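**Q** run_18.cif is reproduced below (mmCIF, C-alpha atoms).
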data_input
loop_
_atom_site.label_atom_id
_atom_site.label_comp_id
_atom_site.auth_asym_id
_atom_site.auth_seq_id
_atom_site.Cartn_x
_atom_site.Cartn_y
_atom_site.Cartn_z
CA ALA A 1 -27.25 35.79 60.55
CA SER A 2 -30.31 34.72 58.60
CA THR A 3 -29.65 34.40 54.90
CA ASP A 4 -32.33 35.87 52.67
CA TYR A 5 -31.15 34.99 49.21
CA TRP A 6 -31.14 31.74 47.26
CA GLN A 7 -28.89 31.56 44.20
CA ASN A 8 -29.63 28.80 41.70
CA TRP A 9 -28.38 29.41 38.18
CA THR A 10 -27.35 27.01 35.46
CA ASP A 11 -26.65 27.47 31.78
CA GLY A 12 -28.75 24.36 31.23
CA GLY A 13 -25.98 21.82 30.75
CA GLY A 14 -26.05 18.44 32.42
CA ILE A 15 -27.62 17.71 35.78
CA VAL A 16 -27.71 20.15 38.68
CA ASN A 17 -29.71 18.97 41.69
CA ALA A 18 -29.77 21.97 44.01
CA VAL A 19 -31.59 21.69 47.30
CA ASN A 20 -32.74 24.72 49.26
CA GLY A 21 -32.41 23.39 52.81
CA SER A 22 -33.49 24.75 56.16
CA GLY A 23 -31.95 27.97 57.40
CA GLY A 24 -28.68 28.68 55.64
CA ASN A 25 -28.14 25.10 54.55
CA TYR A 26 -28.06 23.93 50.95
CA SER A 27 -26.71 21.03 48.95
CA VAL A 28 -25.83 20.31 45.36
CA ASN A 29 -25.35 17.22 43.28
CA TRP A 30 -24.08 17.85 39.78
CA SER A 31 -23.11 15.75 36.82
CA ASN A 32 -21.59 16.54 33.39
CA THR A 33 -22.63 20.17 33.63
CA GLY A 34 -21.88 23.31 31.72
CA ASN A 35 -21.49 26.30 34.07
CA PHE A 36 -23.62 26.73 37.20
CA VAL A 37 -23.66 28.68 40.48
CA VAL A 38 -25.59 27.69 43.58
CA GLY A 39 -25.54 29.15 47.05
CA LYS A 40 -27.15 31.03 49.89
CA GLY A 41 -26.48 34.52 51.13
CA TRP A 42 -27.86 38.01 51.08
CA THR A 43 -29.88 39.94 48.53
CA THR A 44 -27.79 43.03 49.15
CA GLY A 45 -24.08 42.56 49.56
CA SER A 46 -21.98 44.63 51.93
CA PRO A 47 -18.25 45.40 52.12
CA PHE A 48 -18.44 45.10 55.93
CA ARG A 49 -20.06 41.68 56.09
CA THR A 50 -18.43 38.78 57.86
CA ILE A 51 -19.43 35.49 56.28
CA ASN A 52 -19.55 32.27 58.24
CA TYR A 53 -19.91 28.84 56.73
CA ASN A 54 -19.41 25.15 57.21
CA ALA A 55 -18.99 22.85 54.25
CA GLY A 56 -20.06 19.49 55.66
CA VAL A 57 -19.46 18.08 52.20
CA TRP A 58 -16.97 19.25 49.58
CA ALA A 59 -16.39 16.58 46.97
CA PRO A 60 -15.86 17.96 43.50
CA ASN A 61 -14.91 15.47 40.76
CA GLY A 62 -13.38 18.04 38.47
CA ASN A 63 -13.54 21.83 38.15
CA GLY A 64 -15.55 23.35 40.99
CA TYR A 65 -15.11 26.23 43.44
CA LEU A 66 -16.13 26.74 47.04
CA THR A 67 -16.20 30.49 47.15
CA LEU A 68 -17.76 33.70 48.27
CA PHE A 69 -19.47 35.12 45.21
CA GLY A 70 -21.12 38.42 44.41
CA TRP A 71 -21.78 41.29 42.04
CA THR A 72 -21.78 45.05 41.96
CA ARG A 73 -23.10 47.44 39.36
CA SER A 74 -21.70 50.82 38.25
CA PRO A 75 -19.39 49.37 37.27
CA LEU A 76 -20.36 45.77 36.61
CA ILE A 77 -17.96 43.59 38.58
CA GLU A 78 -18.05 39.95 39.63
CA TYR A 79 -15.97 39.12 42.69
CA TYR A 80 -14.74 35.96 44.38
CA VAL A 81 -13.09 34.77 47.58
CA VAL A 82 -12.08 31.18 46.84
CA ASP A 83 -11.37 28.95 49.86
CA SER A 84 -11.30 25.61 48.06
CA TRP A 85 -11.49 24.12 44.60
CA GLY A 86 -11.41 20.88 42.67
CA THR A 87 -8.88 19.95 40.02
CA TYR A 88 -8.27 23.52 38.85
CA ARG A 89 -7.04 26.44 40.93
CA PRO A 90 -8.35 29.71 39.48
CA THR A 91 -5.71 32.31 38.63
CA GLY A 92 -5.30 35.43 36.52
CA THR A 93 -3.22 38.60 36.57
CA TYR A 94 -1.32 38.61 39.88
CA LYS A 95 -1.70 41.79 41.94
CA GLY A 96 -0.46 40.78 45.37
CA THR A 97 -1.54 38.87 48.47
CA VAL A 98 -3.71 39.32 51.54
CA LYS A 99 -3.72 37.52 54.86
CA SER A 100 -7.14 36.89 56.32
CA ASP A 101 -8.88 34.42 58.61
CA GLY A 102 -5.77 32.28 59.06
CA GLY A 103 -4.97 31.96 55.38
CA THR A 104 -2.99 33.70 52.68
CA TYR A 105 -4.73 34.62 49.46
CA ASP A 106 -3.39 35.64 46.08
CA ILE A 107 -5.12 38.59 44.44
CA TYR A 108 -5.98 38.35 40.75
CA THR A 109 -7.97 40.13 38.12
CA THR A 110 -9.48 38.69 34.99
CA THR A 111 -11.89 39.71 32.30
CA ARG A 112 -14.83 37.90 30.78
CA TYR A 113 -15.81 38.59 27.18
CA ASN A 114 -19.33 38.17 25.84
CA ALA A 115 -20.34 36.16 28.89
CA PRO A 116 -23.65 35.94 30.76
CA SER A 117 -23.98 38.58 33.47
CA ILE A 118 -26.30 39.20 36.42
CA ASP A 119 -28.57 41.31 34.17
CA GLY A 120 -28.99 38.44 31.74
CA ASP A 121 -27.85 38.57 28.11
CA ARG A 122 -24.09 38.78 27.44
CA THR A 123 -21.43 41.39 28.04
CA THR A 124 -17.80 42.05 28.93
CA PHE A 125 -16.93 42.51 32.60
CA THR A 126 -14.07 42.43 35.07
CA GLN A 127 -13.62 39.87 37.83
CA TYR A 128 -11.86 40.39 41.15
CA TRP A 129 -10.38 37.37 42.88
CA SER A 130 -8.95 36.37 46.19
CA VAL A 131 -7.73 32.78 45.93
CA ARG A 132 -6.32 30.88 48.88
CA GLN A 133 -2.76 29.71 48.25
CA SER A 134 -3.69 26.27 49.59
CA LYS A 135 -7.12 24.64 49.98
CA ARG A 136 -8.87 25.48 53.22
CA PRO A 137 -9.90 22.35 55.14
CA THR A 138 -13.66 21.82 55.12
CA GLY A 139 -16.05 20.40 57.70
CA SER A 140 -15.21 23.12 60.22
CA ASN A 141 -16.73 26.49 61.07
CA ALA A 142 -14.98 28.92 58.73
CA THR A 143 -15.04 32.68 58.53
CA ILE A 144 -14.46 35.10 55.70
CA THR A 145 -13.79 38.64 56.87
CA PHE A 146 -14.74 40.33 53.62
CA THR A 147 -13.54 43.79 54.71
CA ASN A 148 -9.93 42.54 54.62
CA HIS A 149 -10.33 41.54 50.99
CA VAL A 150 -12.15 44.71 49.98
CA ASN A 151 -9.43 46.82 51.59
CA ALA A 152 -6.61 44.79 50.03
CA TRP A 153 -8.24 45.06 46.62
CA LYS A 154 -8.59 48.82 47.01
CA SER A 155 -4.87 49.13 47.65
CA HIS A 156 -4.32 47.60 44.20
CA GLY A 157 -6.73 49.87 42.37
CA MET A 158 -9.47 47.23 42.47
CA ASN A 159 -12.55 49.27 43.38
CA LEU A 160 -16.01 47.75 43.52
CA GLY A 161 -19.17 49.32 42.10
CA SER A 162 -21.49 51.64 44.01
CA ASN A 163 -24.59 49.46 43.52
CA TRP A 164 -24.40 46.21 45.48
CA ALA A 165 -26.16 43.09 44.23
CA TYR A 166 -26.38 39.67 45.91
CA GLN A 167 -23.59 38.15 47.95
CA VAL A 168 -23.49 34.42 48.63
CA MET A 169 -21.32 31.50 49.71
CA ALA A 170 -21.53 29.35 46.65
CA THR A 171 -20.60 26.28 44.80
CA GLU A 172 -19.63 26.98 41.19
CA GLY A 173 -18.88 24.27 38.69
CA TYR A 174 -17.72 24.04 35.10
CA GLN A 175 -18.04 20.91 32.93
CA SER A 176 -17.66 18.61 35.95
CA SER A 177 -19.40 16.41 38.53
CA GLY A 178 -19.49 16.33 42.30
CA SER A 179 -21.28 17.03 45.54
CA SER A 180 -21.39 19.71 48.18
CA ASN A 181 -23.26 20.54 51.34
CA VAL A 182 -22.82 23.96 52.85
CA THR A 183 -24.34 25.92 55.71
CA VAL A 184 -24.09 29.71 55.67
CA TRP A 185 -24.71 32.31 58.38
#
Show how you would write the structure in this file as structure tokens.
**A**
Amino acid sequence: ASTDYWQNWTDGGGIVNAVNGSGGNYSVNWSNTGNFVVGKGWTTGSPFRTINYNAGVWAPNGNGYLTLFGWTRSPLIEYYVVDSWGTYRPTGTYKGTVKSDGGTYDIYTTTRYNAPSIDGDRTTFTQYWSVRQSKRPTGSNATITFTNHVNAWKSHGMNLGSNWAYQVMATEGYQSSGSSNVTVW
């Protein structure tokens, strides 16, 4: 499907060279950054969407995530479906696991305090995570059947908001360097 949203946010630290390529393709070169999130997807997320992607390049030199990323409002929730990472595997409060698209993911919840949110400014919000137990190989056509995650989360009392914001396959980094090239559809 044609992506219609381009996500390019940085807290201003270091170098983040994000390129908005043709179609659903994008690339990022980053160096000694603070926190940043880049990716392509849809302006309005959906719990029934099936995300396809191919990371032709996934080379983080430190903390970085290759992950589905999105937000909902009412309540304000940031969610993730992490397929690969760099030197640090994200974790939090363990809830359970979910099997989807050939992999097994751990379900976690965390909370951010006085952190930047989608609406700008700072606030406290909850984060929902699905983190693969082992890194998913890249360079191949991968699929993320989001409904499986949404349903698994629901079974653990992890309900998303009623107002859906953007939903994208992104590259997120934190005080690191690296490169990535991803195509989303």
**Q** Do a neighbour search on residue 154 in chain A at 12 Å with all atoms listed in the file, toss out local chain neighbours closer than 6 positions, and write the hits as a CSV table (one decimal) with C-alpha atoms, in the frame of the given file.
**A**
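What landed in out_10.csv:
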chain,number,residue,atom,x,y,z
A,47,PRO,CA,-18.2,45.4,52.1
A,95,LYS,CA,-1.7,41.8,41.9
A,96,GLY,CA,-0.5,40.8,45.4
A,98,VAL,CA,-3.7,39.3,51.5
A,107,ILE,CA,-5.1,38.6,44.4
A,128,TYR,CA,-11.9,40.4,41.2
A,147,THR,CA,-13.5,43.8,54.7
A,148,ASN,CA,-9.9,42.5,54.6
A,160,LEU,CA,-16.0,47.8,43.5
A,161,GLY,CA,-19.2,49.3,42.1
**Q** With distances taken over all atoms listed in the file, which of A:26, A:88, A:76, A:64 is nearest to residue 174 in chain A?
**A**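 Of A:26, A:88, A:76, A:64, the one nearest residue 174 in chain A is A:64, counting all atoms listed in the file.
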**Q** Could you expand the PyMOL selection byres ((chain A and resi 145) around 10) into the explicit residues it covers here, written as an NGL selection string?
**A** :A and (47-52 or 100-101 or 142-144 or 146-150)
**Q** Written as a ChimeraX atom specification, what is the full residue list that the PyMOL selection byres ((chain A and resi 135) around 6) yields on the file shown?
**A** /A:84,134,136
**Q** Compare A:141, A:2, A:176, A:181 by their minimum atom-to-atom distance to residue 54 in chain A, counting only C-alpha atoms, and give me the closest one.
**A** A:141
**Q** Write out as a short mmCIF file (atom, residue, chain, number, x, y, z; two decimals) with C-alpha atoms, in the coordinates of the input the residues lying within 9 Å of residue 10 in chain A, counting all atoms listed in the file and excluding same-chain residues fewer than 4 positions away.
**A**
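Result saved to part_37.cif:
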data_model
loop_
_atom_site.label_atom_id
_atom_site.label_comp_id
_atom_site.auth_asym_id
_atom_site.auth_seq_id
_atom_site.Cartn_x
_atom_site.Cartn_y
_atom_site.Cartn_z
CA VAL A 16 -27.71 20.15 38.68
CA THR A 33 -22.63 20.17 33.63
CA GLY A 34 -21.88 23.31 31.72
CA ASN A 35 -21.49 26.30 34.07
CA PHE A 36 -23.62 26.73 37.20
CA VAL A 37 -23.66 28.68 40.48
CA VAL A 38 -25.59 27.69 43.58
#
**Q** When you look at range 112-127 of chain A with a cut-off of 12 Å (counting all atoms listed in the file), what residues show up, excluding the ones that are within fewer than 3 positions of it in the same chain? I need them as number ranges by chain.
**A** A: 7, 9-11, 35-37, 69-81, 90-93, 107-109, 130, 153, 158-161, 164-167
**Q** Rebuild range 93-104 of chain A to N, CA and C atoms - output it as a compact mmCIF listing (two decimals), keeping the file's coordinate frame, please.
**A**
# COMPACT_ATOMS: atom_id res chain seq x y z
N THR A 93 -4.31 37.64 36.45
CA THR A 93 -3.22 38.60 36.57
C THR A 93 -2.92 38.88 38.04
N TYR A 94 -1.73 38.47 38.48
CA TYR A 94 -1.32 38.61 39.88
C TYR A 94 -1.17 40.09 40.28
N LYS A 95 -1.75 40.43 41.42
CA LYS A 95 -1.70 41.79 41.94
C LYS A 95 -0.93 41.84 43.25
N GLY A 96 -1.13 40.83 44.09
CA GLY A 96 -0.46 40.78 45.37
C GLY A 96 -1.11 39.73 46.24
N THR A 97 -0.94 39.83 47.55
CA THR A 97 -1.54 38.87 48.47
C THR A 97 -2.19 39.56 49.65
N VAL A 98 -3.05 38.82 50.34
CA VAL A 98 -3.71 39.32 51.54
C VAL A 98 -3.88 38.20 52.54
N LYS A 99 -3.56 38.49 53.80
CA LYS A 99 -3.72 37.52 54.86
C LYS A 99 -5.03 37.76 55.57
N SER A 100 -5.86 36.73 55.65
CA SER A 100 -7.14 36.89 56.32
C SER A 100 -7.67 35.56 56.82
N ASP A 101 -8.26 35.59 58.01
CA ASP A 101 -8.88 34.42 58.61
C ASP A 101 -7.97 33.19 58.59
N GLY A 102 -6.71 33.38 58.99
CA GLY A 102 -5.77 32.28 59.06
C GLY A 102 -5.15 31.80 57.76
N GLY A 103 -5.54 32.39 56.64
CA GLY A 103 -4.97 31.96 55.38
C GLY A 103 -4.37 33.10 54.59
N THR A 104 -3.59 32.73 53.58
CA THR A 104 -2.99 33.70 52.68
C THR A 104 -3.60 33.56 51.31
